[PDB]
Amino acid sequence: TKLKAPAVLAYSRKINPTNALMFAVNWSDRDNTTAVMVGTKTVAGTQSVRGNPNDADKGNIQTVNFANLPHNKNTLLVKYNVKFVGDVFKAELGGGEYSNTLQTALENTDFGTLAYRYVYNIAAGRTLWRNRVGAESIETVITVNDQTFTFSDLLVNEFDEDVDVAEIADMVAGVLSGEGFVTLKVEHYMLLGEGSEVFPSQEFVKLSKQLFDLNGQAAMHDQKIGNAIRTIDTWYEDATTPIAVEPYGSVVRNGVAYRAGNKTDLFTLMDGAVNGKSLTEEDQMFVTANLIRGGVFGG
């Protein structure tokens, strides 16, 4: 056979979270919300680093953004929505022949497990990250087609079993393995304590540390929430903790590619799927998840 991908093979992103807004509430008065605002301040000193006791910028002021809960609210509220969109096998810019046999080759993908892991990542509150430190309690509320689910203590790095995540994941899988769309409205409550610092998304560009803001209100990037949602890959070589689904399985925090140079990257399995190579339940899920994430797969 020896069929290769078209020059311009592109797939649209199918999991679309909104940006997340950050509010302050009291744990037992979650209705009376107030917006958490990003402020700007000046800091004296720069943490000394190895060597260089006396530098130029050590005794230099730095301008940084910050965000905190007010002193009369003890709980951080994080609100966002996530729209799952179907037709995950219909390419945006790819040809058709190469993408249609890939579609029929990945038609046995365990969509139930993919949806369960996505929804679990949402319900376990992975995207909360630094905002989980020093929290007395974390609660997640998910509404979907007039159905409210509450989650309290789920292990983040173990996709443990529970029935509400399954009920949500069945609708999500019906959309992902079919047509249409479905929206989950998500709220996270972190009992942090009055005045506690909260951690919006960081931006890297004047300011020595910038925070994401929507009209001045502390916010989290949609793409960081998406990265938290797709942290489902436990099928790479020598797998321990889940990693975000990425063509080469590479992470940005510690900078390692867990799926490079071992015949387990996205493109190798892609070509094999097209050319009739036997595919495991795991790599079918991995290829379909990369199609769900979207990207440019050619050139």
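All residue numbers are counted from 1 along the displayed sequence.
Mean C-alpha B-factor is higher over 156-164 than over the other stretch, the pair under comparison being 172-180 and 156-164. The mean C-alpha temperature factor is higher for 103-111 when 71-79 and 103-111 are set side by side. In this structure the maximum Cα B-factor among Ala35, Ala244, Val256, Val64 is found at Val256. Note on the listed residues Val43, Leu266, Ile232, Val252: the highest Cα temperature factor in the record is that of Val252. When the CA B factors of the chain's modelled residues are split into thirds, the value for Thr288 lands in the middle one.
In the PDB entry, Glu187 places in the lowest third of its chain by CA B-factor.
Per the PDB record, residue ranking by Cα B-factor puts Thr143 in the middle third of the chain.
Per the PDB record, residue ranking by Cα B-factor puts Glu97 in the highest third of the chain. Sorting the modelled residues of the chain by their CA temperature factor places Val25 in the lowest third.
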